[PDB]
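Q: Experimental coordinates follow, after the sequence.
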There are 2 protein chains.
Amino acid sequence: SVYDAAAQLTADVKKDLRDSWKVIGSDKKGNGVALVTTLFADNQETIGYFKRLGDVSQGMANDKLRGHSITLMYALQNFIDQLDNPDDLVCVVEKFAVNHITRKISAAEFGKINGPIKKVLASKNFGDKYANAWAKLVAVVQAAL
Amino acid sequence: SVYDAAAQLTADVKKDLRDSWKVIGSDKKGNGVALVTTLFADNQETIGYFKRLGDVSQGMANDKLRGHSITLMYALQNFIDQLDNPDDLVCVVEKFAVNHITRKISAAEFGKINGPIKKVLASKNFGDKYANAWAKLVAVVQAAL
Ligand code: HEM
Ligand code: HEM
């Protein structure tokens, strides 16, 4: 369950999430677009869910893609801010899951973001230690899907 | 259309939005819930759109309502951060309007959030000057609905 997954966020895992987000969250537009573009490049099969965004290969030039990428980063900002209170983190995660469930996005499908996240982290000098920490957070969301 | 509304966001308006948000946004859970509950209190009819949240009379204690309230504040955080770049503000506002348009929420209906905002600002001692500034930001969103 999501409640069991949330308990997986140990002291150091939360610390690593904060330290890394401090750098990544500094540039939501740049890192957000890089994250979304990397997802479409590594998993072209997911592009079907974003028909509304149009020509996704335009990247930063695509207004809809840029709007989505920036907004996405604020959802991560939300999760990071709720790390202190497990009860709040959970209600925020379930709230976030509603729309993804409606779009029939499965836990396995959502888990494809781990690759893009690991690469963005690496580009900022954050290794496996941090990629694994973020996979833990992503796992909390997967448990709600 | 959204661009024209964004033009009303003058240097002074953006200054007041940033100063008031520095306080309001410091407690997203507390002020977020205050906003939503005040909306339901002053405009009971808007409750028809939130059947999913369950017993909204529980307020803060309601996990779904608390989860929604907190998340709502991050949309505002998003807008406030994009104030200096009209292009990003516009793409983020249009991205935000997509789901509200699907819910059949007209600009008039959305405008009902102005009252609650004015009251929340007043509780922190922010006069009409700030209430008008925020009414202009909401106007940008209304232009997208
Ligand atoms: C780090 C992970 C992710 C985050 C933080 C995230 C965040 C968001 C946010 C904040 C929205 C806007 C609110 C909403 O409508 O739900 C959204 C929309 C959406 N998400 Fe997710 N999402 C993530 C991963 C994914 C993945 C992996 C898929 C699909 C493979 C997906 C598909 C969608 C779609 C289709 C939309 C609508 C896009 C549009 O039409 O503008 N999301 N997501
Ligand atoms: C400053 C005002 C508002 C902000 C910043 C805001 C923000 C948000 C956000 C971030 C979401 C989650 C993403 C999504 O599903 O779109 C959302 C959901 C929603 N909003 Fe808005 N909203 C505002 C006002 C309103 C108003 C006035 C109504 C209707 C009278 C409305 C109705 C909804 C509904 C029904 C949901 C889904 C709630 C749920 O089932 O969890 N919103 N809004």
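A: Looks like it arrived, so ask away. Numbers count the residues shown, from 1 in each chain, chains lettered A, B, ... in the order given. Ligands and ions are numbered 1, 2, ... in the order given.
Q: Please make it C-alpha for all contacts and neighbour counts, starting now.
A: Noted.
Q: which residue packs closest to the residue of chain A found nearest ligand 2, ignoring adjacent ones?
A: Going by CA to the nearest ligand atom, ligand 2 is nearest to residue A:95 of chain A, at 5.9 Å. What sits nearest to residue A:95 in space, not counting adjacent residues and going by CA to CA, 6 or more residues apart in numbering or on different chains, is residue B:67, at 5.9 Å.
Q: The one you found: how many residues sit nearby?
A: Burial of residue B:67 is recorded as 25 neighbouring residues (other CA atoms under 10 Å in any protein chain shown).
Q: so who does it touch?
A: A:88, A:91, A:92, A:93, A:94, A:95 (CA atoms under 8 Å, 6 or more residues apart in numbering or on different chains).
Q: Next to ligand 2 in this structure, residues from chain A, please.
A: Within chain A, the positions near ligand 2 by CA under 6 Å from any ligand atom are residue A:95.
Q: hey, which helix is longest across chain A?
A: Longest helix in chain A, counting residues (DSSP state H): helix A:63-81.
Q: Tell me which helix or strand comes right after the one helix or strand residue A:109 maps to.
A: In this assignment (DSSP states H and E), residue A:109 forms part of helix A:107-110. Sequence order places helix A:114-122 as the next helix or strand after helix A:107-110, per DSSP H and E.
Q: going on from that following helix, what's the next piece of helix or strand?
A: Per DSSP H and E, the first helix or strand lying C-terminal to helix A:114-122 is helix A:128-142.
Q: any residues touching that next one, and which ones?
A: The contact list for helix A:128-142 (CA under 8 Å, 6+ apart) reads A:2, A:5-6, A:8-9, A:13-14, A:16-17, A:20, A:93-94, A:97, A:106-108, A:110-111, A:114, A:117-118, A:121.
Q: Using ChimeraX, define a selection of the buried residues within the residues you listed.
A: Of these, the buried ones go into a single ChimeraX selection, burial set by 16 or more other CA atoms under 10 Å in any protein chain shown:
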select /A:2,5,6,8,9,13,14,16,17,20,93,94,97,107,110,114,117,118,121
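Q: Among the contacts of helix A:128-142, name the ones that also lie close to chain B.
A: Residues of those in contact with chain B (CA under 8 Å from any CA of the partner chain): A:93, A:94.
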